[PDB]
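Below is one structure, written out as structure tokens; the observations come after it.
Residue numbers (the deposited numbering): 1 to 131.
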């Protein structure tokens with residue numbers, strides 16, 4: 001319609017590493033830097049996926065969906081409904097790694113992301129990767 005600003009200079013380019021998951025539609029959450037976090041969505045399985053690029057900041061995903069939404073929880077993503085009638089799904093993704101989020105149909109939802117510093121939990125996660 002106009003937008004009034006330039007977007008998607010050219011597909012998507014990674015630096016720290018490429019995502020181990022590929023869907024169809026790709027977009028960047030934060031409008032700063034290479035992109036930090038790229039939202040991966042596969043129309044086929046309709047499963048969402050997040051890939052962390054930054055190796056100094058952990059990506060935290062917090063998306064809320066409306067009651068009327070056929071969505072599911074993937075990986076260890078915690079999914080629960082509130083009394084008001086809304087679905088919540090949160091999951092943290094560590095750098096050089098990719099985790100699954102939610103799957104299904106999305107209807108009226110709010111997305112909130114941030115860039116927190118690799119907490120002590122990140123250090124422990126390294127042990128899980130190998131020992």
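The C-beta atom is built at its ideal place from N, Cα and C for all residues, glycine as well.
With H, G and I counted as helix, E and B as strand and the rest as coil, what does DSSP make of residue i?
i, result
"residue 123", "helix"
"residue 128", "helix"
"residue 72", "strand"
"residue 90", "strand"
"residue 14", "coil"
"residue 52", "strand"
"residue 34", "coil"
"residue 103", "strand"
"residue 25", "strand"
"residue 42", "strand"
Got a sec? Which residues, its chain only, sit under 6 Å from residue i by beta carbon, not counting five neighbours each side?
i, result
"residue 55", "16 and 95"
"residue 111", "63"
"residue 70", "104 and 105"
Can you give the Cα-Cα distance for residue i and residue j, rounded to whole angstroms?
i, j, result
"residue 101", "residue 4", "32 Å"
"residue 210", "residue 1", "Residue numbering for the chain in the displayed model covers 1 to 131; residue 210 lies beyond these limits and cannot be assessed."
"residue 130", "residue 52", "19 Å"
"residue 89", "residue 23", "19 Å"
"residue 82", "residue 115", "26 Å"
"residue 50", "residue 85", "26 Å"
"residue 30", "residue 47", "21 Å"
"residue 108", "residue 124", "36 Å"
From the DSSP output, which residues share a beta bridge with residue i?
i, result
"residue 79", "89"
"residue 116", "58"
"residue 110", "64"
Can you list, in chain order, the residues of its chain whose CB lies under 8 Å from that of residue i, leaving out five sequence neighbours each side?
i, result
"residue 19", "38, 40, 49, 51 and 98"
"residue 12", "26, 28, 35 and 38"
"residue 58", "52, 92, 93, 94, 95, 115, 116, 117, 118, 119 and 122"
Residues in the same chain with beta-carbon distance under 7 Å from residue i, minus the five sequence neighbours each way, listed in chain order, please.
i, result
"residue 60", "92, 113, 114 and 116"
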